Amino acid sequence: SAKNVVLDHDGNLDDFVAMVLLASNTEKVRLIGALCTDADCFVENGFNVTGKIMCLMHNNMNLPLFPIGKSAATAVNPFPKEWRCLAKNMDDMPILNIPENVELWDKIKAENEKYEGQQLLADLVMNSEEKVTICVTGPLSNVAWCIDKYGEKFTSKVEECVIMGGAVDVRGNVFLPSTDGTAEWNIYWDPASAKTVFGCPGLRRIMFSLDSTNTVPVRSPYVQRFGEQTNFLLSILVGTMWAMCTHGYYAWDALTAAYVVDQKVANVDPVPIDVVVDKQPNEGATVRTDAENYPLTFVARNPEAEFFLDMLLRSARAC
Amino acid sequence: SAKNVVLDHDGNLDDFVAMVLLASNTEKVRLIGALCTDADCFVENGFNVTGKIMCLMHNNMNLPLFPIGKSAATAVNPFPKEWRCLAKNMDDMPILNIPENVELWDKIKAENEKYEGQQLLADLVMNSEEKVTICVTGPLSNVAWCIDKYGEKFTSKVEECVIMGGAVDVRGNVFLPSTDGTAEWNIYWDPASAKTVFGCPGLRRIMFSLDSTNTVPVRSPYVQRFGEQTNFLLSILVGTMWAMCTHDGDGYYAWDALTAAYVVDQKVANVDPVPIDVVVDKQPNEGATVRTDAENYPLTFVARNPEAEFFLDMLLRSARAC
Ligand SMILES: Nc1nccc2c1ncn2[C@@H]1O[C@H](CO)[C@@H](O)[C@H]1O
Ligand SMILES: Nc1nccc2c1ncn2[C@@H]1O[C@H](CO)[C@@H](O)[C@H]1O
Ligand SMILES: [Ca+2]
Ligand SMILES: [Ca+2]
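Protein sequences appear in the order of chains A and B.
Under the working numbering, the residues of the first sequence are numbered 3 to 321, in order.
Under the working numbering, the residues of the second sequence are numbered 8 to 329, in order.
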């Protein structure tokens, strides 16, 4: 049967496509909850879009409602405000504002806005009968908060943490006048938390760094294929989000969520991953460490691109 | 009976909302052509989005096809590289890429690709048995070319020019290190062409400067109402384009939409006659639309106190035409 999955995201466009993938593959994934972080989005918008997507799907296909929580995590190095506003735009898109669907969200909103994201992640993981796979598409602040507070009690409950983040053998994507371009954004947002997660013993981590995600870019011809499926709400939703990315833009979080759905997406290789926490040009960089007895992270490599793109197009036909 | 109308735009998000407004109101308007200018968009993209929207409406509400041409016009002062890229994102929207509509467009794209934007505008107006109303939502370069090239043979055929542009009694929106913020972007893109248009006698002009567009901003509650009409392709279309405009600041308005709304129904706003000249000298206020003292100076009818509720209701209704 399907495995338990919690999505820990920061509400940008690819975070939502990742959400769709997880929630539309009911045979492989049982999405038991989600949390949104005020990183690459303003959490109130990220929170509402999460809920609106969950209700549109729930009212049109097989998908049990699940808890959604706002994480109190705060930034160390914030995302450029320009990219963050994207959840706001999504929040106003017609396909996410069908009355019957918004109506549902309005009735269940009170319950969900009561949860605190980090504590909800700890609870969903620990109180689960089966182990829980965590799909992290935003910064690692939340998995770190759980580790710092419950240690082995939390980590022993995690099936595996499938993380979108870092740059191992390729350049990063954090280009500011104070950085050298070796770091990737999710790690850079909160380096200390990333260090805690990558250096945590007894936690299995799958890592989709820029090494894998650079090989699956957002391309117009493929994006137009969603036009062949306008009869499906999800194809209108997914095609519309990627239309705002194509112009530089990758399916970062989507590919990552695709792996949680089906491991065929990519093979993973063991690498001791440490994180630069100092205020230097390479702050947030993910580097190999040969330090004695350091935990091994399984880096994804050479992703099956066609397999992924096909998985997404077909999944966007769930409803 | 509908009146002939040609849309002269530059492919930004409101230009396309304006296009839908014009085309969807077939009772009041018969859209006989459109041209895209490489201004606040990249012409090729503006061109295809224009064609995909036309075809989609053709196969869903019987909107007669019409020639679409690319303007050869070039900038004097380029639009910010940031905004121009939007006609690009719209080109990949699922709603504009339905196979049947893409097929039709791919068929007729070669012949429309043949037209020269400026000449197309001249011919559509001069070869019409009835006069033609021109809706300009981009720079004034194309109407100016036609005036210069054909003069009275052209203007005498123009019912009226309804233009989105300028700022008369309020500040502009062009803020660069070298400007003073008094000019508006469409005029600033090509001041000389604008001067030509506003000074031309024998041509009737309706002007939607920021004075009127400032009074009808893009707000979330309203945009979300398009979600009440997802069974209409045009509501998915218009609702998505404006969803991209809901950003602290004032940001986006419905500049080009309000302008086309007037072409559909003059009830949209009252107009005031004002002699308008354009600053073409490379001064800080370059591109500013100013009141001139010249004698016998042709008057331009500036929009005042637009009916905001009337407009919002017109757009929501027009979007349910299919
Ligand atoms: N323009 C952009 N550049 C880099 C990263 C971006 C981005 N827009 C969103 N992201 C996010 O940053 C993380 C990838 O570096 C992803 O999880 C993704 O959501
Ligand atoms: N952010 C922005 N600021 C100013 C003008 C803008 C804009 N985005 C688009 N425009 C365009 O500017 C002209 C309005 O000033 C309109 O025709 C419209 O298409
Ligand atoms: Ca993300
Ligand atoms: Ca325009």
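Even for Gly, the Cβ is constructed at its ideal location relative to N, Cα and C.
Among the options, which has the Cα closest to the Cα of residue i?
i	options	result
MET171 (chain B)	B:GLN290, B:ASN312, B:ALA326, B:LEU265	B:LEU265
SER78 (chain B)	B:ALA315, B:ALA310, B:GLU120, B:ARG232	B:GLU120
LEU65 (chain A)	A:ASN79, A:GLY35, A:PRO219, A:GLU230	A:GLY35
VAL225 (chain A)	A:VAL240, A:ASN216, A:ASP213	A:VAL240
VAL78 (chain A)	A:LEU142, A:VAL170, A:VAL270	A:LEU142
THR162 (chain B)	B:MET26, B:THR189, B:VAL204, B:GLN273	B:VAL204
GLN273 (chain B)	B:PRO313, B:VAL177, B:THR253, B:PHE73	B:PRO313
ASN292 (chain B)	B:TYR122, B:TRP192, B:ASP45	B:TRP192
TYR259 (chain B)	B:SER200, B:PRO224, B:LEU319	B:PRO224
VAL175 (chain B)	B:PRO74, B:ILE194, B:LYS164	B:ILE194
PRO297 (chain A)	A:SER3, A:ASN233, A:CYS202, A:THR52	A:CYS202
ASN50 (chain A)	A:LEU88, A:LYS83, A:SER214	A:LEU88
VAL289 (chain A)	A:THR217, A:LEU315, A:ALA196	A:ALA196
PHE44 (chain A)	A:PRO80, A:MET56, A:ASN61, A:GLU132	A:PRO80
Sorry if obvious, but does the Cβ on residue i come closer than 6 Å to a heavy atom of ligand 4?
i	result
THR144 (chain B)	yes
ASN19 (chain B)	yes
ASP300 (chain B)	no
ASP10 (chain A)	no
Using a threshold of 6 Å, is the CB atom of residue i nearer than that to any non-hydrogen atom of ligand 1?
i	result
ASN175 (chain A)	yes
residue 3 (chain B)	This structure does not reach residue 3 (chain B), given that chain B is present from 8 up to 329, and the question cannot be answered.
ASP171 (chain A)	no
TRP191 (chain A)	no
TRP112 (chain B)	no
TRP85 (chain A)	yes
Ends of the alpha helix (DSSP H) at residue i?
i	result
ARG32 (chain A)	No alpha helix (DSSP H) contains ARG32 (chain A), which is instead part of the beta strand (DSSP E) from 31 to 38.
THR157 (chain A)	143 to 157
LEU24 (chain A)	15 to 26
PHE310 (chain A)	307 to 317
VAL132 (chain B)	124 to 133
Are the CB atoms of residue j and residue i within a distance shorter than 7 Å?
i	j	result
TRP107 (chain A)	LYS30 (chain A)	no
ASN27 (chain A)	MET251 (chain B)	no
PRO101 (chain B)	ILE100 (chain A)	no
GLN125 (chain B)	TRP90 (chain B)	no
residue 1 (chain B)	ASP47 (chain B)	Lying outside 8 to 329, the shown extent of chain B, residue 1 (chain B) is not represented and no answer is given.
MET321 (chain B)	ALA268 (chain B)	yes
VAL27 (chain B)	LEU241 (chain B)	yes
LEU58 (chain A)	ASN103 (chain A)	yes
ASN47 (chain A)	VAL134 (chain A)	no
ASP255 (chain A)	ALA20 (chain A)	yes
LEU37 (chain A)	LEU122 (chain A)	yes
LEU29 (chain B)	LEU20 (chain B)	no
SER219 (chain B)	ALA326 (chain B)	no
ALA287 (chain A)	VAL278 (chain A)	yes
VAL281 (chain B)	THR307 (chain B)	yes
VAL13 (chain B)	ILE141 (chain B)	yes
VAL165 (chain B)	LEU210 (chain B)	yes
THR44 (chain B)	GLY145 (chain B)	yes
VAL164 (chain A)	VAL262 (chain A)	yes
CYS329 (chain B)	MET133 (chain B)	no
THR248 (chain A)	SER211 (chain A)	no
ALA124 (chain A)	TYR152 (chain A)	yes
So is the beta-carbon of residue i under 6 Å away from any non-hydrogen atom of ligand 2?
i	result
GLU191 (chain B)	yes
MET171 (chain B)	yes
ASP312 (chain A)	no
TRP262 (chain B)	yes
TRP249 (chain B)	no
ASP22 (chain B)	yes
On the DSSP letters alone, give me the boundaries of the beta strand (DSSP E) that residue i sits inside.
i	result
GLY76 (chain B)	75 to 77
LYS5 (chain A)	5 to 11
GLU162 (chain A)	160 to 166
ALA256 (chain A)	Note, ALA256 (chain A): premise wrong, no beta strand (DSSP E); alpha helix (DSSP H) at 254 to 263.
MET209 (chain A)	207 to 210
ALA302 (chain A)	298 to 303
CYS137 (chain A)	134 to 138
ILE283 (chain B)	277 to 285
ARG91 (chain B)	That residue, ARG91 (chain B), is in no beta strand (DSSP E); its alpha helix (DSSP H) goes 88 to 91.
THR296 (chain B)	296 to 298
Please indicate yes or no: does the CB of residue i lie closer than 6 Å to some heavy atom of ligand 3?
i	result
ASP42 (chain A)	yes
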